Structure formats: C-alpha cells, structure tokens
Amino acid sequence: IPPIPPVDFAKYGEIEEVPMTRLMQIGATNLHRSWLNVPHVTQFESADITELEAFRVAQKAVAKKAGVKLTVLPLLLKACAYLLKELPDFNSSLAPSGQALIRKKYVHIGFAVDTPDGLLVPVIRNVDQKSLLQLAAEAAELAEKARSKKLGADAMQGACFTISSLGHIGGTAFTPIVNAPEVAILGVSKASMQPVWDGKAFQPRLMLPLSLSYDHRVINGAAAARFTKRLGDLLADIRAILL
Amino acid sequence: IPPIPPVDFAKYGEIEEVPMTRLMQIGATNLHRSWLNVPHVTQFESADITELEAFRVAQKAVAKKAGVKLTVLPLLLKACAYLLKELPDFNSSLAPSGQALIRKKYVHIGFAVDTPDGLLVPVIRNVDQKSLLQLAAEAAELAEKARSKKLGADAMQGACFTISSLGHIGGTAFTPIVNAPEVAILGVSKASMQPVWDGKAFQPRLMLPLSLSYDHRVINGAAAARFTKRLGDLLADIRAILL
Amino acid sequence: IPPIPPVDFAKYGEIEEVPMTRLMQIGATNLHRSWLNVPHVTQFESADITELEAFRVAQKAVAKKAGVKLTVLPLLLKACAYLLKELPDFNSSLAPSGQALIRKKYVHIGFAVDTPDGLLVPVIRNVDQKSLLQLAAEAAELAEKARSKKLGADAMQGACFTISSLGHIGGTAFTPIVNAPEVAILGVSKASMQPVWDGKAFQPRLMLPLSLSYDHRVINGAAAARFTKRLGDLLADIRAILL
Ligand SMILES: CC(C)(COP(=O)(O)OP(=O)(O)OC[C@H]1O[C@@H](n2cnc3c(N)ncnc32)[C@H](O)[C@@H]1OP(=O)(O)O)[C@@H](O)C(=O)NCCC(=O)NCCS
Ligand SMILES: CC(C)(COP(=O)(O)OP(=O)(O)OC[C@H]1O[C@@H](n2cnc3c(N)ncnc32)[C@H](O)[C@@H]1OP(=O)(O)O)[C@@H](O)C(=O)NCCC(=O)NCCS
Ligand SMILES: CC(C)(COP(=O)(O)OP(=O)(O)OC[C@H]1O[C@@H](n2cnc3c(N)ncnc32)[C@H](O)[C@@H]1OP(=O)(O)O)[C@@H](O)C(=O)NCCC(=O)NCCS
Ligand SMILES: NC(=O)CCCC[C@@H](S)CCS
Ligand SMILES: NC(=O)CCCC[C@@H](S)CCS
Ligand SMILES: NC(=O)CCCC[C@@H](S)CCS
C-alpha cells in the first residue's frame, strides 16, 4: 500500500513529539489489519427502550442491595447473546482457507473499555448463561481491572462478538471497526427522547441508537438488517427472551 | 496486506465447520477487491415519498389487472435512470489508464437479490426506456430466476449502477459497498412516518432513507450531495420526469 | 491489492471517453493513499444552532459594512480552532516511526472547495488568532482564488484539520475521508428544523448535522465522541469561547 509522504511539520510552527504507549501501538496494528482485511458495512437501527429503561431504573434497589449497579450494558449483552444463538452466522469466523466458516457453539462477548494507556477489550464468557446482575458485576470488575492495568491476557481472548458503547459520552451513531477474526461489532450511542408515529400522532419514545458494522464476506446486507431488527424488537420487550 | 493470525477457536468451546458455497466465495472476493480499490464515501439523504406512496397504492388495481405487483423498486429504478442521464459522471467507469472516465450512453441498472446460495445482482437493461409496469414485471421475473438458480450470467453483466434495497426488512441507513467497476450504489432502507417542519408546525410525512455510497476518485462530495438532493426531489414529485 | 478486471463496456452500448484533469488524478491518488493507510471511523452528532443562526443573521449589516458575508464556515472554523487546542490529539500527526505523535502547537485549518478542475483545499493559518469577520473575508478570498486557478501551492500546505461543508447543497450526513497526514475531518451537512425534547414537549430547534471521520490509530472512539459533544456544546453557546 503506498505510504504517506513525510512532511517537515515544524515548517509551519512549533511542534512537540510525544510517544505512543505499546498498548496504542498494538491497537493501531490490529485496527489497520482489520481495516484492510474486512470489507465493512454498517447497518444503523434505533431501538425503543422506553420500557427497558423504566425496568432498569425500578430494579435500582435490588441492584444496590446486591452491591452492583445495573447499567444498560448487561441488558445489551443478554439480548445480543440470545441473538447470537438465533442467528449463528454472527457467532462465527471465517476459516483461514477462506472457504469455510467456523461456527462457534459458545457465546463469549467482549466490550470496549477505553483506558489511559489505550483500548482494552475484556471478554465475558458464556454470556448466555449468566443473569443481569451477574453480568452487571462481572462487567464492572473487568472494567476496573482494565483501567488498573491488572487485566490478564487470559481475559482478552476468544470473544465471539464485541459491544462498543459510547452512549455515556454522546453522539448519534458511528461506524465501528470489526474486531477481526470476529465478524460483527455493535456500536451503541446516546439515547434521546424522540417522536414516534403511533398510527395517529407522534408519541415521545426513548430511542437508543445502534450501529452494527459487519464483515460483508461472511454477512450479507439482509442478514444484518434482520439482526438489528430483531435486536430492536428484543430491547423493546425483553420478556421475549423468556420464551 | 497483513493476514489475520489464526486462532485455535476450539480452545474456548465447541465449534463446527460449515463450508461456503462457491457463490459466497465469488461474492467475498469481489467485495474485498472493491473495498481495497475504491475510496468509499456514503452520502445520506431522506426523500418525502408521501404522495409517491399514495400513487403506488392507488395503482394497485391497474397493476393487479396487469398481473404485476407495483412495489417501490420500479419507481426508484425510473428516477435513478432519469438521473443517471442528467448527471453522467454517475453513469461511467474509471478507464484502466486511471486517466479517463468511460461515459456510458446506455442506462442498465442492477439490483441486489439476496438468495440462499448467496448474493446475485441481476441487471435490467435500458431502464430509461421501460415503463413502471414493465420494470415491475421484469424485476420480479429476474428475482424469481435468481432465487431459483436459473438466472443466466448473461443477465449479470454490464450494469451501470446498482440499487440495494433492505427496506422490506428494516433499518435506518447503511453504508453499501460499490460494485466496482461501477462508480455508485444506492442503498434504500425502511420508510417511517416523520415530523417535518413546514415553516409553522411539524407535519407527518412518510420519509424514505437513501444511502448513496460512491467512488470518491471519480465523484466528489458536492456531485454526490446533488445526486441525492435531485433524487429526493424527483421522488417527492415524480411528474417532474415528464418534463 | 488485486486490480479490478477490465470490461469491454462498448459490448452493452455506446460509450465515450473523456479524460480526467491532472488535478483529478492527483486527487484520486491521495484519496486512495488515505483510504488504505487510515482505519476510518465516523462519529455523527447534531448541534443546536438556533441561536448561532439568529446571531449570524443579525450581524448581517456589520458584515455588509465590512464588505464580507458572514456564513457558517467562520463560526465552525473558530469553534474547531478552540477545540483543537482543548483536545490536542486532534491537532497532531502520526510520526513516520508509527511510534510517536507529533503535536502541533499551531492551528491552521483547510476547507474543501470543489472547483471545476477538481477539489482544492486552501488552508487558513492561525485560525485561533483571527476574528469572525477576518476568517469570513479570508475564506471567501481563498475560495475565489481556488475557483480561478490562481491559488498558489503555498496556500495548500501544512493544515492541521479540514472542514468539508456540503450544507449549501443538501444531505443528512456523509462519511468524509481523512486528509492524511491529518488525523480528522469534519463534514457538515444541511441544517433542518427538528423537534427536540425539552423535558416536557418537543420544541423546534434548528439542528446542524456533523460527521467527524477520524484516524482510529491515533484517536479512539471516546475521544472522538467527546470532540463532537464539545463542538455541539460550543455551537449551541459560542460565548463559551470567551471564557
Ligand atoms: C458496567 C460498566 C463497565 C459499563 O457501564 P455503562 O453501561 O457504560 O454505564 P455507565 O454507568 O458507565 O454510564 C454513565 C451514565 O451514562 C448513562 N448511559 C449509558 N449508556 C447510555 C446510552 N446508551 N444512552 C444514554 N445514556 C447512557 C448511564 O446509564 C449512566 O447514567 P448515570 O450516571 O445516571 O447512572 C461500568 O461500570 C463502567 O466501567 N462504566 C464506565 C464507562 C465505560 O467504559 N463503558 C463501556 C461500555 S462498552
Ligand atoms: C420486485 C421485487 C424484486 C422487489 O420488491 P420490493 O420493492 O423489494 O418490495 P416487496 O414487495 O418485496 O416488499 C415487501 C413489503 O415491504 C414493503 N417495503 C419495500 N420497500 C420498503 C421500504 N423501502 N420501506 C418500507 N417498506 C418497504 C413493500 O412495499 C412490501 O409491502 P407489502 O408486503 O405490504 O406489499 C419483488 O418481487 C421481490 O422479489 N421481493 C423480495 C424482496 C427483495 O429481494 N427485494 C430486493 C430489491 S433490491
Ligand atoms: C465563505 C465561503 C468560502 C463558504 O461559504 P458557506 O459557509 O459555504 O456559505 P454559502 O454562502 O456558500 O452558502 C450558500 C447558502 O446555503 C446556506 N448554507 C450553508 N451552510 C448551510 C448548512 N450547513 N445548512 C444549511 N444551509 C447552509 C448559506 O448560509 C447560504 O445561504 P444564503 O444563500 O441564503 O446566504 C463562500 O464565500 C463560498 O465560496 N461559498 C461557496 C460554497 C462552498 O464552496 N463552500 C465550501 C465551504 S467548506
Ligand atoms: N482489541 C484490539 O487490540 C484492537 C482494537 C479493537 C477493535 C474494535 S473495538 C474497534 C472499534 S471502532
Ligand atoms: N456482485 C458481486 O458478485 C459482488 C457483490 C455486490 C456489491 C454490492 S451489491 C455490495 C452491496 S453492500
Ligand atoms: N487534498 C487532496 O488532494 C486530497 C483530497 C482531500 C481529502 C478529503 S477533503 C476528502 C473529503 S471526503
């Protein structure tokens, strides 16, 4: 690939060199390797989380009594786990022959924690088997270890799918990069109150923005529009996971 | 381009290998070849199709009497054909010297059909010359042959532009990949009722989401914002094609 | 990278070759070099510019008396300059070792002018030091020289960041390509009146669409969501630049 020509930047004013951490350098190499290997598409969708949110908020005491804080991440993790089993092509990886998919029968999901040294993506194993307060506790443990440089490489391995949430900061949508060899990543941005047509008038509904990027060699446009459709439906009534 | 390191996926749980069809493998190679050759941009726009939709729906009897079903695809095909003639850089391909564009004086348009064996993109020739019920019938014939593995390579050749519609499944927008050597592709997602400011108050208007990806070597940001602007204007009053 | 197979396009109808200007050819080579070097993400945000717009419009006489026209570009340039100093990683470039960032202590910003011969990106130096009417005048001078082929390469050098505005034509958002070796570019699309929840009811607010693409090796998802968040906050009350 052609390199970028170097520029004498000091010709235009004062410059200062600061170095990158090794974590950043690893980060950079992996993103660029994903970028060039994966033909990326992003499918955008909005989910109605008005009731999910009122559930989250009422279980605040139960959560506090358990010493965990119930955020949105466990509710996303649980729904994505159910879905990674309903639609197994999203839970798989392209075999190195390029002629086979390796379907995984396990669901482990990573989540992006941006730390000062750089990006870490801790993995929660068997997300399909744990409960909202278990996932709540573990997510928080893993993120604290990640921030404290005390996360062991053991916990950064063999994820199936990644959730990347920037909802705590802002934004409307973004296009995340697939964390190859995984085949998809869900970006989540900030929920807003929004007018939604009910057949007669517009009703304010709390809308969550989802941005699914996927590896188009393995997932086609319709499979991906179906994944964000189902996910928006599960987040609108999470009781459907019960059936 | 660096390869992705292979991972022993069975270290994390049970895995199963399923193989890809040859169609998928062709599909995969072409997308990756497009990805690396085309610097992609996507221009998003919403068109007001409230009246186009009420037209579509009233001509339901005429269409049924003709044995065709009038969906939105022919109305998109007709408008894009008019536009591919108004703005000819969208109807062209980069010459292999990289120093010339080959402008095509014919308008043939492909459309994405996702089939079980993989993605096929049948082509309707001289879209500028056929009528809404002719395009309606042909589109449906071609898609059935595509699903039935009875489409001949003859009908997969020499398109100018591609329409990719996921509106029948869901979603808000996506970023399609240019089907090189073509120079643009229109993605169409799901229409929603939306409040639109009329100068005084908001009016519910049925809005269609368009996502134009283009080859930025050949099309610049302003030409592309002008294409989705014109297309949104033609879909708001399709009678302007008459003049 | 595999090449695209050549197609005999004349097999499907009449074709015509028109050649590309040298400007286009330069343009094309740079975009493709950026595409393959930069793992791109785009962060989308909407800023409430209702009051900024009413300011712009009232200062129309002051501006006319000064012989300049006050558009939105100077208000974006000033706010981005303040921000490029608050969040210095956006004002930097990846060193050729790939192990250092070169932080620039100067703020010069380019802006995309699409001209008939192709794309030019004139640079306004020390944007942090000039005032809204100075930036208004200079922006317009530079764009006229650009259109007139009288811009000297001197003025196309050593920018830190690029603004690309298509708001004058239309669109909802797009994904611009980073002008490497810079690390980010702000795309601006068309402002619309929009219902915005105020805690009780929806209020029409004039919303401006921003699309920040960035070099993910150097900028992480959270730094970028923070940049568009701050920028939306500064454009909502530009007096905060005063403090
Ligand atoms: C469990 C944990 C790992 C993730 O939590 P989370 O789901 O991000 O939620 P947080 O509590 O961090 O978010 C902060 C606030 O923004 C809110 N927020 C989160 N997602 C939001 C969304 N998508 N839309 C709008 N607001 C959101 C939270 O509910 C929370 O509100 P509060 O302060 O009133 O409780 C958490 O302990 C943590 O470490 N948080 C830090 C932020 C982070 O790195 N998140 C990464 C998730 S991929
Ligand atoms: C002509 C043909 C090829 C394409 O049809 P189409 O324009 O996709 O429309 P369909 O009838 O398939 O769509 C199914 C339903 O979703 C609706 N729909 C389609 N586009 C929509 C949009 N953009 N927004 C919202 N709803 C939409 C349709 O109008 C239709 O409604 P109905 O069931 O009440 O009639 C059709 O015969 C076919 O094979 N359809 C299958 C779907 C498909 O592969 N489409 C590919 C188009 S690129
Ligand atoms: C200063 C200059 C360089 C840029 O101006 P600008 O900020 O683009 O504004 P313009 O005056 O060109 O825009 C044309 C009209 O669309 C409006 N417009 C601009 N940005 C808009 C936005 N983001 N949303 C909605 N409308 C917008 C303008 O305010 C203007 O309205 P008017 O005709 O009623 O005055 C200008 O002199 C120029 O050369 N303009 C030509 C367009 C151009 O190339 N702009 C490139 C900016 S990166
Ligand atoms: N884990 C890594 O070392 C590479 C970076 C992660 C890939 C995704 S999270 C990028 C999101 S935009
Ligand atoms: N026709 C092919 O064999 C390649 C795949 C099509 C390119 C476009 S439709 C991708 C849309 S996201
Ligand atoms: N300046 C150049 O010669 C290359 C093209 C500019 C890069 C950006 S503005 C592309 C915006 S989508």
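By convention in this document, chain letters (A, B, ...) are assigned in the order of the sequence lines, proteins followed by strands, and residues within each chain are numbered from 1. These numbers come from the heavy atoms of this one structure, side chains and all, not from hydrogens, waters or symmetry mates.
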> Could you walk me through whether C:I109 and C:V107 pass the side-chain contact (heavy atoms from CB on, under 4.5 Å) check?
Replying inline: CA-CA 6 Å; C:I109 296 180; C:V107 184; 3.9 Å; yes

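- A side-chain donor-acceptor contact under 3.5 Å links C:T50 to the backbone of C:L206.
- Using a 4.5 Å heavy-atom cutoff, the side chains of C:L142 and C:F111 are in contact.
- In this structure, the side chain of C:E45 engages the main chain of A:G171 through a donor-acceptor pair within 3.5 Å.
- Panel note: side chain A:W35, backbone C:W35; a donor-acceptor pair is recorded below 3.5 Å.
- Here the side chains of C:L132 and C:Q59 are not in contact, with every heavy-atom distance at 4.5 Å or above.
- Taking 4.5 Å as the limit, every side-chain heavy atom of C:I4 sits out of range of all side-chain heavy atoms of B:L94.
- Scored by the side chain to side chain contact (heavy atoms under 4.5 Å, CB included) test, B:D233 finds B:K229, B:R230 as partners (sequence neighbours excluded).
- Applying the ring-ring contact (aromatic ring centres under 6.0 Å, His included) test to pairs two or more places apart or on separate chains, those with a residue in residues 207-243 of chain B are B:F90-B:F227, B:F161-B:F227, B:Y214-B:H216.
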> Going through the distances and angles, do C:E17 and B:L101 end up as a side-chain contact (heavy atoms from CB on, under 4.5 Å)?
Replying inline: CA-CA 6 Å; C:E17 280 140 277; B:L101 286 98; over 6 Å; no

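- Applying the ring pair (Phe, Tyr, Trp, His ring centres under 6.0 Å) test to B:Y106 and every residue at least two apart in sequence or in another chain returns B:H108.
- The side-chain heavy atoms of C:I15 and B:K105, taken from C-beta on, include no pair separated by under 4.5 Å.
- Taking the side chain as every heavy atom from C-beta outward, C:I49 and C:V72 never approach each other to under 4.5 Å.
- Side chain of B:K130 to main chain of B:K78: no donor-acceptor pair is present (N/O by atom type, distance under 3.5 Å, no hydrogens or angles).
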>> Applying side-chain contact (heavy atoms from CB on, under 4.5 Å) to B:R103 and C:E14, what does each step give before you reach the verdict?
In response: CA-CA 9 Å; B:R103 270 143 73 142; C:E14 239 267 289; over 6 Å; no

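- Side-chain contact between B:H32 and C:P2 is absent, with no heavy atoms from C-beta onward closer than 4.5 Å.
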>> Using the rule given for side-chain contact (heavy atoms from CB on, under 4.5 Å), can you reason through B:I102 versus C:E16, listing the C-alpha separation, both sets of side-chain angles and the distance that settles it, and then say yes or no?
In response: CA-CA 6 Å; B:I102 288 156; C:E16 167 186 79; over 6 Å; no

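- Sorted by first and then second residue, the salt bridge (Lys or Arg N to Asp or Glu O under 4.0 Å) pairs with a member in residues 210-219 of chain C read C:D215-C:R217; sequence neighbours excluded.
- Heavy atoms only, all atoms of each residue included: B:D89 and B:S92 are closest at O-OG, 2.9 Å.
- Between C:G110 and C:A159, the closest heavy-atom pair is N-CB, 4.0 Å.
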Just list the side-chain donor-acceptor pairs under 3.5 Å for residues 118-128 of chain C, sequence neighbours left out, or say none.
from   : atom 1 : to     : atom 2 : distance (Å)
C:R125 : NH2    : C:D154 : O      : 3.2
C:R125 : NH2    : C:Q157 : O      : 2.7

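- Using a distance-only test at 3.5 Å, with no hydrogens or angles considered, a donor-acceptor pair links the side chain of C:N91 to the main chain of C:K104.
- The closest side-chain heavy-atom distance from C:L133 to C:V62 is below 4.5 Å.
- Taking all atoms of both residues into account, the shortest heavy-atom contact from B:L234 to B:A79 is CD1-O, 4.0 Å.
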Return all side-chain donor-acceptor pairs below 3.5 angstrom for residues 173-186 of chain B, not counting sequence neighbours, or 'none' if the list is empty.
from   : atom 1 : to     : atom 2 : distance (Å)
B:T175 : OG1    : A:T42  : N      : 2.9
B:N179 : ND2    : B:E182 : OE2    : 3.2
B:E182 : OE1    : B:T162 : N      : 3.3
B:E182 : OE1    : B:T162 : OG1    : 2.7
B:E182 : OE2    : B:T162 : OG1    : 3.3

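- Here the closest non-hydrogen pair linking C:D117 and C:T21 is O-OG1, 2.7 Å.
- At least one side-chain heavy atom of B:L76 sits less than 4.5 Å from a side-chain heavy atom of B:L208.
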